[PDB]
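What you see below is based on every heavy atom in this structure, not just the backbone, and it leaves out hydrogens, waters and symmetry mates. We count residues from 1, following the sequence as given.
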Amino acid sequence: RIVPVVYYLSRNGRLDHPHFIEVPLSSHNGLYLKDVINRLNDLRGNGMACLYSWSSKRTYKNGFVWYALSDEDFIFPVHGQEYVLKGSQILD
């Protein structure tokens, strides 16, 4: 199965529209960050996703919070099986 993922890249402060990709699932009850990163590696090259620290949008108080993810972490959806991530440019 494949799931829809929207991601926002943030450099100075997200000077750009989000991207939409379809991500192949490794397990049928859940998406892991590694699944997203594998798909980006295929589309954008191995050198892209490692430039960013990844978060997923999650409900918090009266809005949302960007919840920091590791490669091995499970990603929870927001709203209706909707997956929204943010890659924040690593500054080193």
Side-chain angles (χ1 to χ4, degrees):
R1 216 165 83 252
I2 69 97
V3 301
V5 178
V6 167
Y7 66 89
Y8 289 84
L9 297 182
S10 174
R11 297 176 173 79
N12 313 297
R14 254 201 251 183
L15 307 104
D16 186 41
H17 306 304
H19 280 83
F20 174 89
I21 55 170
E22 292 189 323
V23 175
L25 271 203
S26 48
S27 155
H28 294 354
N29 311 123
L31 174 68
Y32 292 74
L33 174 68
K34 63 182 208 275
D35 298 318
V36 177
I37 300 303
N38 288 333
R39 176 56 163 163
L40 285 170
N41 289 351
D42 286 343
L43 297 183
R44 294 287 225 111
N46 284 130
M48 179 267 181
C50 53
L51 296 171
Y52 296 97
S53 181
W54 296 89
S55 294
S56 65
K57 193 187 189 193
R58 166 94 65 93
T59 74
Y60 172 71
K61 256 75 128 128
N62 285 115
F64 298 104
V65 61
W66 292 118
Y67 200 94
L69 303 166
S70 304
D71 283 32
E72 61 282 358
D73 292 345
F74 184 89
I75 298 177
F76 299 96
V78 82
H79 319 127
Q81 245 287 303
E82 215 181 280
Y83 293 106
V84 176
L85 304 184
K86 180 189 201 204
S88 289
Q89 181 184 21
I90 291 172
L91 299 179
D92 280 295

Can you give me every donor-acceptor pair (side chain of residues 11-24, partner residue at least two apart or in another chain, under 3.5 Å) with its distance?
none

I'd like a table of donor-acceptor pairs (distance under 3.5 Å, sequence neighbours excluded) in which one partner is a side-chain atom from residues 80-92, with atom names and distances.
unit_1, atom_1, unit_2, atom_2, d
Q81, NE2, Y83, OH, 3.2

Could you tell me the separation between the [atom1] atom of [X] and the [atom2] atom of [Y], rounded to the nearest 0.5 Å?
X: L33; Y: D71; atom1: CG; atom2: CG; result: 5.0 Å
X: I37; Y: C50; atom1: CD1; atom2: SG; result: 9.0 Å
X: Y60; Y: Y67; atom1: OH; atom2: OH; result: 12.0 Å
X: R39; Y: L25; atom1: CZ; atom2: CG; result: 12.0 Å
X: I75; Y: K34; atom1: CD1; atom2: NZ; result: 10.0 Å
X: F74; Y: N29; atom1: CZ; atom2: CG; result: 7.5 Å

Quiz prompt | For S55 against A68, the heavy-atom pair lying closest together | solution =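 Looking at all heavy atoms of both residues, the closest pair is OG-CA, 3.7 Å.
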
Quiz prompt | For the student: nearest non-hydrogen atoms of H79 and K57, plus distance | solution =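 Heavy-atom minimum between the residues: CE1-NZ, 4.3 Å.
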
Self-check item: Test item: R58 and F64 side chains (from C-beta on) under 4.5 Å apart, heavy atoms
Solution: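 SC-SC contact between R58 and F64 ruled out.
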
Under a 4.5 Å side-chain heavy-atom rule over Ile, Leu, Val, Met, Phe, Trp and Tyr, are [X] and [Y] clustered together?
X: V78; Y: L69; answer: no
X: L31; Y: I2; answer: no
X: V65; Y: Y7; answer: no
X: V36; Y: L51; answer: yes

Practice problem: Determine, stepwise, if the pair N38 / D42 fulfils side-chain contact (heavy atoms from CB on, under 4.5 Å). | Solution: CA-CA 6 Å; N38 288 333; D42 286 343; 5.6 Å; no

Quiz prompt | Exam field: side chain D35 to backbone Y32, donor-acceptor pair closer than 3.5 Å | solution =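 Yes: the side chain of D35 pairs with the backbone of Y32.
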
Exercise. Show the numbers, then the answer: is there a side-chain contact (heavy atoms from CB on, under 4.5 Å) between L40 and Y52?
Key: CA-CA 12 Å; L40 285 170; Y52 296 97; over 6 Å; no

